[PDB]
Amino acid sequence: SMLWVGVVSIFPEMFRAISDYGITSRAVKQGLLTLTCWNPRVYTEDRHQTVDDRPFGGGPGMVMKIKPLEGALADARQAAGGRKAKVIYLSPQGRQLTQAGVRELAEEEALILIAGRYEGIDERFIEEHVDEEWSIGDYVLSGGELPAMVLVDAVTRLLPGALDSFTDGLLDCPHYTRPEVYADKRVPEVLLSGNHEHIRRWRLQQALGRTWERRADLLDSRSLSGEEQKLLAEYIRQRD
């Protein structure tokens, strides 16, 4: 009940992937999350009018009509009640989702997600109704249902009582479990015979070095402390 999510999508049953499995499923059961779907085809003027129509100016593919989406939105808005509802359109043209963005969206009382299909939705719907556009990344998907699900999953993790990378702006350290030896590779001895301060310094150093190796861009936008500059310089020199 702490977070109310409404999804506008022509494939509402596709959302069983999050309503029936994982953290999102557990959060629904616990009442932390409320999830509802709104099929635009149930909001056409008459049952003989489809959700899509030919694009103006031509070109390959079809475009989603404004009235079905408008109908679906209005109905979802009514169901949200007395909650501050943010209307998100999932689009590659939107703001890139990051852990910082996830933390913000987690503060919202209610969210209404517009999952588009075909070649996109009519600009006039975006202008009039869409509050914020959001992208899950710089790649093209066939529809906005997996992006909407990616957002719901990321946000649900932050809900209190529902349960790290980018929490500190760094990649995570490697993880190890039983047995102590597997395929001739042994667990770093510090993880087996170390104190919490040894384990903390090895984890921060591994996180810094992995970020430096793979995602240097994450460092150019992060301030390295005295300790970190030294843990990092050491990682670089001891790499292999």
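A residue's number is simply how far along the shown sequence it sits, counting from 1. Definition used throughout: the rigid core is the maximal C-alpha set that superposes within 1.5 Å between two forms.
- The rigid core fit leaves 188-196 as the farther-lying stretch in 6 other deposited structures of this protein, judged by Cα positions and set against 61-69 and 188-196.
- Farther on average from this form in 6 other deposited structures of this protein lies stretch 51-59, the comparison being between 51-59 and 31-39 by RMS Cα distance after core superposition.
- In at least a third of the other compared PDB entries of this protein that cover both flanking sides, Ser165 is left without coordinates.
- Where coordinates are absent for parts of the deposited sequence, a chain break appears; between neighbours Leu163 and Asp164 it spans 4 to 9 residues.
- 204-212 and 65-73 differ in mean CA B-factor, and the higher of the two is recorded for 65-73.
- For the pair 145-153 and 127-135, the record assigns the higher mean C-alpha temperature factor to 127-135.
- Take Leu171, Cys37, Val190, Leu32 and read off each C-alpha B-factor from the entry; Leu32 has the highest.
- In the PDB entry, the Cα temperature factor peaks, among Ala85, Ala100, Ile121, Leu113, at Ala85.
- Among all modelled residues in its chain, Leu224 ranks in the highest third by Cα B-factor.
- In this PDB entry, the Cα temperature factor of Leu105 sits in the middle third of its chain's modelled residues.
- In the deposited entry, the Cα temperature factor of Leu90 places it in the lowest third of its chain's modelled residues.
- When the modelled residues of the chain are ordered by their C-alpha B factor, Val140 lands in the lowest third.
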